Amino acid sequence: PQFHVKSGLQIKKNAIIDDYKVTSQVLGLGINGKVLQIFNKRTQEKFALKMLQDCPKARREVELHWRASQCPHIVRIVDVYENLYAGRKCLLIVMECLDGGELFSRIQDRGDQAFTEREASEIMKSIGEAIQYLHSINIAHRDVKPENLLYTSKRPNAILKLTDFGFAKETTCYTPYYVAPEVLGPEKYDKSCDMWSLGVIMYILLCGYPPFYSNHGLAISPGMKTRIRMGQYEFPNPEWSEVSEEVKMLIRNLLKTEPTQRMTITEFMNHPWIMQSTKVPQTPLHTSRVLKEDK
């Protein structure tokens, strides 16, 4: 006994409206247009619905995302319909619904507490688990941005989840103990960008602005673009003046220009600042206030 097998992906073919109420309310915009809010007729719970045109690229997204839904920090696909819509075959993905909206909106909507270093570590921890899960099953997510980190609720014990698989990609014997990873097949620097994303999201969490900011004109967005190439960014005071040299070093290691230089997800999770989420200094960060400065 003891055989943990979860179930396979099942493309439902009946009309989705047979099983759910479909609203006009929008929950997100993508290249495939709207994410809608819907309601399960039976249970009456709320779900997000993403609609893609059926085709090989769409199918992969679904498949990868289904594969990854077993991860606690990745938006769970709850079921998938293939229907006809204007004589065009379609994939309708029904996922769990993340009311807490986007990661940054939440921080920026404190302003009456203060957002500690430790709170950020915990955040980065949970994004890490998501990447970790992904990479260990040989998927690179490849669009890990702010916009795709949302919260299950407004409740402060909300759990933070990764969404959007439109750019995810697969990365893919008896004397094996000693064989070097490079001999176990190709897989060229592909999951390493997920690592860069992580650096950026960490930078912003700690201060409230990207490490590579625009400016507009010339050498200010064409230059903002070489700024990235050169890997040039500061830790300007007085935001960073109070931040652990250990943390700076961690960002520095994620924001490495040459991808093979950059840290692995595994190395990441074993890092003390991430591994001791709990015992990180309670120190007050500017983040929330700085965020409030915008459009």
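Each residue number is its position in the shown sequence, starting from 1. Just so we're on the same page, rigid core means the largest C-alpha set that superposes within 1.5 Å between forms.
RMS Cα deviation from the shown model in 9 other deposited structures of this protein, rigid core fit, is larger for 82 to 90 than for the other stretch of the pair 69 to 77 / 82 to 90. RMS Cα deviation from the shown model in 9 other deposited structures of this protein, rigid core fit, is larger for 150 to 158 than for the other stretch of the pair 123 to 131 / 150 to 158. In the other compared entries of this protein that model both flanking residues, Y203 has coordinates in every one, well short of a third left out.
Missing-residue comparison: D112 falls in the unmodelled set for a third or more of the other PDB entries checked. According to the record, the deposited sequence contains 4 to 9 residues between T172 and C173 that were left without coordinates.
When the two stretches 188 to 196 and 146 to 154 are set side by side, the higher mean Cα temperature factor goes to 188 to 196. Between the stretches 177 to 185 and 134 to 142, it is 177 to 185 that shows the larger average CA temperature factor. The deposited CA B-factor of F165 belongs to the lowest third of values across its chain. Ranked against the other modelled residues of its chain, the C-alpha B-factor of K279 as given in the entry falls in the highest third. Sort the chain's modelled residues by C-alpha temperature factor and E234 lands in the lowest third, per the entry.
Placement of the Cα temperature factor of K295 within the chain: highest third of the modelled residues, per the deposited record. For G223, the recorded CA temperature factor ranks within the highest third of the chain's modelled residues.
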